[PDB]
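Chemist: requesting a structural model of the entry that follows:
(6 chains, ligands or ions: 19)
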Amino acid sequence: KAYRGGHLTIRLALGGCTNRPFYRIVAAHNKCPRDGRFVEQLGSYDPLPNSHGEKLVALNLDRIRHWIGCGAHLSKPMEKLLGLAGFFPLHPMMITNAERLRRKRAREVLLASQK
Amino acid sequence: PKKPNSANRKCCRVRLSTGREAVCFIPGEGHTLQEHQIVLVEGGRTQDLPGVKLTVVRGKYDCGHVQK
Amino acid sequence: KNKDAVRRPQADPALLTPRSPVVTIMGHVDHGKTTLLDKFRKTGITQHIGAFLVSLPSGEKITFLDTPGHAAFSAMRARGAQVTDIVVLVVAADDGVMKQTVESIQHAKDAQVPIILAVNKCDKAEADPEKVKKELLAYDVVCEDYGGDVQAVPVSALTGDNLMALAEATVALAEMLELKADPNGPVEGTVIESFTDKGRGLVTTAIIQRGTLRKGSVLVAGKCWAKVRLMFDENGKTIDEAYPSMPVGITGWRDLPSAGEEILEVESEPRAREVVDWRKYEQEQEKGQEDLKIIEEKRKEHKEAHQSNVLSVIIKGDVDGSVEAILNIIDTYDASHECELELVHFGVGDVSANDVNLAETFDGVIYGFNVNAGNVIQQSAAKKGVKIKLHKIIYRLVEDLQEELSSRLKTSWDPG
RNA sequence: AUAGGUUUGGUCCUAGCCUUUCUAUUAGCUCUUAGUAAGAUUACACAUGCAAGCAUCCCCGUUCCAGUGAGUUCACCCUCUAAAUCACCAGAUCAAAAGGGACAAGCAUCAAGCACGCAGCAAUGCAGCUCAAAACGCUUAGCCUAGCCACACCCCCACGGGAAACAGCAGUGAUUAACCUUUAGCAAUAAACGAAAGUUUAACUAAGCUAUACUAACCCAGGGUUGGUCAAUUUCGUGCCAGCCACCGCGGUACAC
RNA sequence: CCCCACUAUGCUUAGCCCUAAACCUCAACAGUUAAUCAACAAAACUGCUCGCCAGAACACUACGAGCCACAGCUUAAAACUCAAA
RNA sequence: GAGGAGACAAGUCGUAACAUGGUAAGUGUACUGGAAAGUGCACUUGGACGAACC
Ligand SMILES: Nc1nc2c(ncn2[C@@H]2O[C@H](COP(=O)(O)OP(=O)(O)OP(=O)(O)O)[C@@H](O)[C@H]2O)c(=O)[nH]1
Ligand SMILES: [Mg+2]
Ligand SMILES: [Mg+2]
Ligand SMILES: [Mg+2]
Ligand SMILES: [Mg+2]
Ligand SMILES: [Mg+2]
Ligand SMILES: [Mg+2]
Ligand SMILES: [Mg+2]
Ligand SMILES: [Mg+2]
Ligand SMILES: [Mg+2]
Ligand SMILES: [Mg+2]
Ligand SMILES: [Mg+2]
Ligand SMILES: [Mg+2]
Ligand SMILES: [Mg+2]
Ligand SMILES: [Mg+2]
Ligand SMILES: [Mg+2]
Ligand SMILES: [Mg+2]
Ligand SMILES: [Mg+2]
Ligand SMILES: [Mg+2]
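Modeler: Numbers count the residues shown, from 1 in each chain, chains lettered A, B, ... in the order given. Ligands and ions are numbered 1, 2, ... in the order given. Please find the structure below.
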């Protein structure tokens, strides 16, 4: 389908079954469907803890670098995954959400102590 | 029925949904298919009748099941 | 295993709660019942039994069932009498007590419903309410004037005179009756009319009698079931609830229930489907017994042996009540000897390709009562030689039917 | 195919038909639970509700997602090179238009098409080009499925006209053997927007209905068949009638009704 | 069917017609007689090529097409039917 | 409307075919006839001529 405009994006395509999410890190044209045609599958991501309490993420770092060079954008979840991986800096929103969680738990603890 | 079989097979002329007029053999011991009644008709030729290449599906629309 | 869903046992005295009254305005043709209803609602032949939830100046709410007065709609009048709990008969003293007036009186007697006489057109000359009451004496409606219980109210629906007294009398009789019903639990009601809207599917205008109806309920009536999809009023505005004695139009009907059928709420869609299957099986057993007797007769005959002027008619109506009325008029045919009348197919809705095909197959005529036939249907009918006859009035359609019968021959059948 | 039944008075050969297997739709009869998957027959007509916003005004998007299969050798390879991304450029990626090649099925009782070619800068000249190795023509079909092509009410297009558009989600009438909710939230991923917190999204997610299927369970089993092919019948009733059969066949006082 | 008479016709000329059990029902070319070969018939095969065939009947048919053919010839289907032929 | 085919299905007139089917059968073609079919010309054996001489 001849798309006007658009641009490559490295993003998560949701596969899996109901109640069982699973993501394929695919470098795809942004206008293309979420789970549709993709230029290249750069990795995978299982968001459910496995028997060892792990969320397995596989990042084809070489091709990810090649596509970032070739001019592909990064969706926010992919940016946060890379930030956790240390391939990127931690996302400003990850940091701010961590601080928000710290403040929220602090309020909860303070109220529990008071009551 | 064609020889050697001998009987009086019950049949009905019906105008199918496709606009065609066909002859459907009515199975079962006894029926009450009167004129203007709506029936469902499936394939399967009655072997002893030449040209009667359909059968009324019992229990559907106005063709009640065979009384025991 | 019997899976039928039956009406719940009569409500407990503690569970009982006051409810509105249900009033049917019966009477013979053109005695101003429609005018009286319009005046009460603050807003030339009736052909539909219409339910309206009116609010009186006192703040009370009353459900009025305006019924047709024509002789043809005896079924409609009987259904209205059965469903209602008060019959505000309307009689024009100038015209006097008539055949349909007496019919309504008998229906009220059967239903065991208090009757209130409203003398209509009392403004006009020659109006003799005393004579009206006298004549009613013969038909057992003993007005309070002649030492009785029936309240007679002189009114002039056109001029709106004494209607306040009529409403006051109705409210007083309602309070005396002390009508109450359980507002909670599975809903119970009766279908007042059923039809097919090209937008809203199969709809049924019913009157609730118990419990409260709400979107998402599962109802069963006759061989039909529904998941209540849209509850609407006379003006179509959606209503979130339908308390007892509330007229409500319910959408979401998988099949078009017969008029007057009982509607009962069941637990779930699978339970409703089980109930419908069981009822269809019961009907199948009954028809099977009939067919078994006929077949046994035929088979005995066969074993012992072994030892034209016909009018085919398709009927299409706007509502099931209208279709039933036309069917009764047809069944009153008695001149089969000179010409036979055959009813190929009856239904509710605009003339359809299936109706046209039946007409073509049986050389029939389509009679559409208050229904349309799109240009596509008209073109197909012209192509196939079918004749469509769209009538908006029952007696006009009956006249046309008689004319066709004579053309086939005048026809000896008198509708009466 | 590991094949079987069937031509005949009988054998052999050829041969069609049917059986056995596996799926899918519909129908009859019947049905307990849980998880998942899939789900109008119709390019016929649509009530109603929603489905595209974002954002310090401009811009950007609403050309995407979603849908249907009417039409149908526009999909794949190469050449060239637009638009878009790479904060600017860089060449890199992506991929249009254009040009070259490849590209469904049947009908030859569709065998001729009738300008379908070339040269010249131009003027103009030559009379050529396709075709029995299937041209031209008719009918049918969405395809080669991480998805792709095509259509977007019809007039191929859409200035213009017909007319007032659900082939977006839910739903409806008609139609067919064929028939899912007129649910909830953007919490996750995707998209749009913004510098951003964030907002929006009938995409999607999580639910609703359906034995259509797979898995698991069930302490309440129905359906079909019982002459042979083909697992499997006791006694009655009927008596070439009623009836039964996928093929061979049965029923004239029955392991076939 | 047997007997008699006689005509078109069989003959010559100039055109048409283009069908046969036109059959040796056995295609052309090259080659072998070795391990045979359903039956019968005129033994069985190998290589290569062209034409043709794919249940029976409808059917040397209808339509379409071509033809000096006008009750014709060539090509030639389908629908219904059967479990055989 | 009429024809053609098929099937169903008992009749009517003959006995054309299967035996040398009582005139051997049939192909093409022509004329003729209720009807199969008859005859004319050529062709085939998918018939025979009894297989030493007599
Ligand atoms: N003079 C007078 N006329 C009245 C009065 N009330 C009603 N009418 C008229 O009397 C007639 C009553 O007929 P409707 O009630 O409309 O109809 P109907 O009784 O169903 O009769 P059908 O529909 O023909 O069966 C109408 O013309 C009214 O307007 C009244 O009080 N006085
Ligand atoms: Mg009235
Ligand atoms: Mg089923
Ligand atoms: Mg198509
Ligand atoms: Mg042809
Ligand atoms: Mg549309
Ligand atoms: Mg268009
Ligand atoms: Mg929709
Ligand atoms: Mg519908
Ligand atoms: Mg289905
Ligand atoms: Mg016996
Ligand atoms: Mg020869
Ligand atoms: Mg010939
Ligand atoms: Mg011919
Ligand atoms: Mg011809
Ligand atoms: Mg003979
Ligand atoms: Mg002979
Ligand atoms: Mg001869
Ligand atoms: Mg002769």
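
Chemist: can you show me the strands along chain A?
Modeler: A:8-17, A:20-29, A:40-45, A:57-59, A:73-74 (DSSP state E).

Chemist: which residue would be the closest one in chain A to RNA strand E?
Modeler: Taking C-beta to the nearest atom of the strand as the measure, the point where chain A comes nearest RNA strand E is residue A:1, at 42.8 Å. Bear in mind the C-beta positions are built from the backbone N, C-alpha and C, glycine included.

Chemist: gap between that residue and residue A:31?
Modeler: With distances taken as C-beta to C-beta, to the nearest Å, residue A:1 is found 9 Å from residue A:31.

Chemist: neighbour count: those two, which is higher?
Modeler: Set side by side, residue A:1 and residue A:31 show unequal neighbour counts under other C-beta atoms under 10 Å in any protein chain shown, the larger going to residue A:31 at 13 against 7.

Chemist: around RNA strand E, which positions in chain B sit nearby?
Modeler: Of all the residues in chain B, those in contact range of RNA strand E (C-beta under 7 Å from any atom of the strand) are B:45, B:47, B:50, B:51, B:53.

Chemist: so the closest residue to the fourth one other than its chain neighbours, which state does it fall into?
Modeler: Of all residues beyond its chain neighbours, the one nearest residue B:51 is residue B:23 (6.8 Å), with distances taken as C-beta to C-beta, 6 or more residues apart in numbering or on different chains. What DSSP: H, G, I helix; E, B strand; the rest coil gives for residue B:23 is strand.

Chemist: flag every buried residue along the strand or helix carrying residue C:341.
Modeler: In this structure, residue C:341 sits in strand C:340-348 according to DSSP states H and E. Going by neighbour count (16 or more other C-beta atoms under 10 Å in any protein chain shown), the buried part of strand C:340-348 is C:341, C:343, C:344, C:345, C:346, C:347, C:348.

Chemist: residues making contact with that strand?
Modeler: Strand C:340-348 has contacts (C-beta atoms under 8 Å, 6 or more residues apart in numbering or on different chains) with B:35-36, C:194-196, C:256, C:308-320, C:323, C:326-327, C:330, C:333, C:354-355, C:358-359, C:362, C:364, C:405.

Chemist: can you name the residues in contact with the following helix or strand past that strand?
Modeler: The helix or strand immediately downstream of strand C:340-348 is helix C:353-362, counting by DSSP H and E. Among residues not part of helix C:353-362, those counted as contacts by C-beta under 8 Å, 6+ apart are B:15, B:19, B:36, C:312, C:314, C:316, C:342, C:344-345, C:347, C:364-366, C:377, C:380-381, C:384-387.

Chemist: restricting to C-alpha, output helix C:353-362 in CSV.
Modeler: Listed next in CSV are the C-alpha coordinates belonging to helix C:353-362 (Å, rounded to 0.1, in the frame of the first residue of the first chain):
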residue,chain,number,x,y,z
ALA,C,353,-39.6,-10.0,-2.6
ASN,C,354,-40.7,-13.1,-0.8
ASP,C,355,-44.3,-11.9,-0.8
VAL,C,356,-44.0,-11.0,-4.5
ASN,C,357,-42.6,-14.4,-5.3
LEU,C,358,-45.5,-16.1,-3.4
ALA,C,359,-48.0,-14.0,-5.3
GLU,C,360,-46.4,-14.9,-8.6
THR,C,361,-46.3,-18.6,-7.7
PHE,C,362,-50.0,-18.8,-6.7
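
Chemist: immediately after that helix, which helix or strand?
Modeler: Heading C-terminal from helix C:353-362, the first helix or strand you meet, by DSSP H and E, is strand C:365-369.

Chemist: can you tell me which helix in the chain is longest?
Modeler: By default, I'm working from chain A. Longest helix of chain A, by residue count under DSSP state H: helix A:92-114.

Chemist: looking at chain C here, not the other one
Modeler: With DSSP H as the criterion, chain C gives helix C:269-306 as its longest helix.

Chemist: so what secondary structure elements neighbour that helix?
Modeler: Taking 3 or more C-beta pairs under 8 Å, 6 or more residues apart in numbering or on different chains; DSSP states H and E as contact, the helices and strands that helix C:269-306 lies on are strand C:218-221, strand C:224-227.

Chemist: return the most buried member of the ones you listed.
Modeler: Neighbour counts (mean count of other C-beta atoms under 10 Å in any protein chain shown) averaged over each of those peak at strand C:218-221, with a mean of 26.

Chemist: burial of residue 4, as a residue count?
Modeler: Reading this off chain A. Residue A:4 sits with 5 neighbouring residues when counted by other C-beta under 10 Å.

Chemist: meant chain B, my bad for not saying
Modeler: A total of 6 residues lie near residue B:4 under the criterion other C-beta under 10 Å.

Chemist: next up, phi/psi of it, please.
Modeler: Main-chain dihedrals, residue B:4, degrees, to the nearest 10: phi -80, psi -10.

Chemist: next: residue C:22.
Modeler: Torsion angles, degrees, to the nearest 10, at residue C:22: phi -120, psi 120.

Chemist: ok, now residue C:135?
Modeler: phi -60, psi -40.

Chemist: could you check how far the closest residue to residue A:49 other than its chain neighbours is from residue A:93?
Modeler: The spatial neighbour of residue A:49 that comes closest, neighbours along the chain excluded (C-beta to C-beta, 6+ apart), is residue A:55 at 6.2 Å. Going from residue A:55 to residue A:93 by C-beta to C-beta gives 19 Å.

Chemist: could you do residue C:318 as well?
Modeler: Between residue C:318 and residue A:93 the distance, using C-beta to C-beta, works out to 62 Å.

Chemist: so for these two, which residue has more residues nearby?
Modeler: Set residue C:318 next to residue A:93 and count neighbours by other C-beta under 10 Å: residue C:318 wins out with 21 against 13.

Chemist: residues in contact with the more buried one?
Modeler: Residues in contact with residue C:318 (C-beta under 8 Å, 6+ apart) are C:195, C:348, C:369, C:370, C:371.

Chemist: and the residue of the stretch 201-350 of chain C found nearest RNA strand D, how close does it get to residue B:9?
Modeler: Distance from RNA strand D to each residue of the stretch 201-350 of chain C (C-beta to the nearest atom of the strand) is smallest for residue C:201, at 2.7 Å. Taking C-beta to C-beta as the measure, residue C:201 falls 43 Å from residue B:9.
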